[PDB]
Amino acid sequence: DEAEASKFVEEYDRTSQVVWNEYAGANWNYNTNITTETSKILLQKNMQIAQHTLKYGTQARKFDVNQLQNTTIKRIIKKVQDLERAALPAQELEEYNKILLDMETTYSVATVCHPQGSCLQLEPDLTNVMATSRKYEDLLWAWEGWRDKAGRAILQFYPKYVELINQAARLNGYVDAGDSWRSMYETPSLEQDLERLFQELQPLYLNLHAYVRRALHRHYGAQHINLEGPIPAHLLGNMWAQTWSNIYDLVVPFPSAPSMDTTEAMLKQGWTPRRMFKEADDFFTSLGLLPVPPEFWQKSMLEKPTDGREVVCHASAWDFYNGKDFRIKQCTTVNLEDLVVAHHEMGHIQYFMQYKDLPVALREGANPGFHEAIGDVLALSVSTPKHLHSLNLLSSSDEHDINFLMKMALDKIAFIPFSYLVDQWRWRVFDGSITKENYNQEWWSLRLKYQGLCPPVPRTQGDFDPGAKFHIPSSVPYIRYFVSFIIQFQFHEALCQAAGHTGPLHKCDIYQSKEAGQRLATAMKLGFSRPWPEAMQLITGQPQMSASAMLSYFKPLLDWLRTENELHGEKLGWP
């Protein structure tokens, strides 16, 4: 029993390394060069890797997994028994792979055009209109146009995608795809734990929402903003109103205290995508963490190709399963926003490098939330006025302090209900409580319930707004982002403590702290080898997810918001 198990794990690992490396390549090739040929080669590799998965997965299921002594081995075999899509019969298997490829392709190439005019792509054109335009109708054209073109086009594929991914999940022992995804956390109390954390951030969100709603009322007109209703989704400076920092200019707490045009600063000082990633690399090494290999700089795609190729622009980090080849694919724009994203992605790479000596089956984050959290933690320190000033992007009071906290809130707080919402919708789609006849209506029901937003244009049949969001056609679970935002503040707090910081948490900058880098390294090295509370414990000195660190970070702002909203008589929420 035990000898056969150990040998099977050694065999699974070495063969997986070769097969996964070959697949990642074909996948990378298509993502950075969308053509018919790279599509064909990828769909073929899908079949390959599935053969390997079926071979070892069928083998793994022959082991009674609670009859093994060694924990690590027993952990691996349990994972290999999950074939994921490879559990689907051949016919359905190919259909599903093609649907995924088609969805991903439709999304990444969609454009919005003006008749007899210029066509706009999502990055960087439509995101720029959403971030900079302050004209209601122009924002609506981009918001509606993007959903008209990308969202509607995904609808034809989604019902079949749902049926197939659910079938694969049940063939692996789950009730539906949502049950399968949630299992990545190995936390029975997950749904209730997350609902509690969401409820804790309500005072802070509702107050931010009310304050921003008043500022939008001032700028766009009493005729377009109901001070007691939901905010129109196209006015937050982001295509999905998931982060609101691009409308900072409309909501500055203390306009007397101007802030430097960071983007103009970055452009003026000649910052390039390569420089942005080099600065991220420097922050990681300052902590005593690992530098990205020379190979990374040679093979990554850090900016949109201008050679004629079409590519998947959405930022992503890649592990090629050989402990040497790690790359990032991003159509990088030179601005603060993308600087944070670059750190986010370098966090993924650091995790890859840290657990590279682990059996490939355990080469994952403690839980998907951890993987998403690493780069953001460093980006929190990078974002401080003190640190930006050191990069010569800012020129530098309590007013500048509340201004900074507002800038951070517009991103971090606003994102909490959106990140919660996405998979609330998907889990219900997966379990069958939301049918294809109610996809869109239930999406907006949740957009209203959690974010307090409404569509600027009433939705119609044929619309499928979820499809207009990357993670939906790409089938990338979203709840990891909600977890990430809660825990990254817990990591920030613990790391700051470790670093010897005293005073308000929001003033902490962990740059060059070897004590911080040590906790992150020890936790990251565990990969998926232990249940995540152990990694949580290693970083924070405790095992639970908690909203207290985020609440403490933003306490001064909550106090300011309550005073500001109450003097203006705001009715919190959207009755």
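Residues carry their position along the shown sequence, with the first being 1.
Peer 1: In terms of residues present in the deposited sequence but not modelled, what lies between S396 and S397: none, 1 to 3, 4 to 9, or 10 or more?
Peer 2: Unresolved stretch here: 1 to 3 residues.
Peer 1: Could you settle it for me: does 404-412 or 301-309 have the higher average Cα B factor in the PDB entry?
Peer 2: According to the PDB entry, the answer is 301-309.
Peer 1: Got a sec? Mean C-alpha B-factor, which is higher, 453-461 or 232-240?
Peer 2: Comparing averages over the C-alpha atoms only gives 453-461.
Peer 1: From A379, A210, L358, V476, which pick has the Cα B-factor that tops the rest in the entry?
Peer 2: Of the candidates given, the C-alpha B-factor peaks at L358.
Peer 1: Which has the highest CA B-factor per the PDB entry: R480, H224, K268, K469?
Peer 2: By C-alpha B-factor in the record, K268 ranks first.
Peer 1: Determine, from the deposited record, the chain-internal third of the Cα B-factor for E186: lowest, middle or highest.
Peer 2: Within its chain, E186 is a lowest-third residue by C-alpha B-factor, going by the deposited values.
Peer 1: Hey, what third does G145 fall into on Cα B-factor, ranked over its chain?
Peer 2: It falls in the middle third of the chain.
Peer 1: Can you work out whether the C-alpha temperature factor of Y12 puts it in the lowest, middle or highest third of the chain?
Peer 2: Ranked within chain, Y12 CA B lands in the highest tercile.
Peer 1: Using the B-factor values recorded in the entry, state whether the Cα atom of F491 falls in the lowest, middle or highest third among the modelled residues of its chain.
Peer 2: Lowest third - that is where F491 ends up once the chain's C-alpha B-factors are sorted.
Peer 1: Grab the CA temperature factor for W560 from the record and place it in the lowest, middle or highest third of its chain.
Peer 2: Middle third by C-alpha B-factor.
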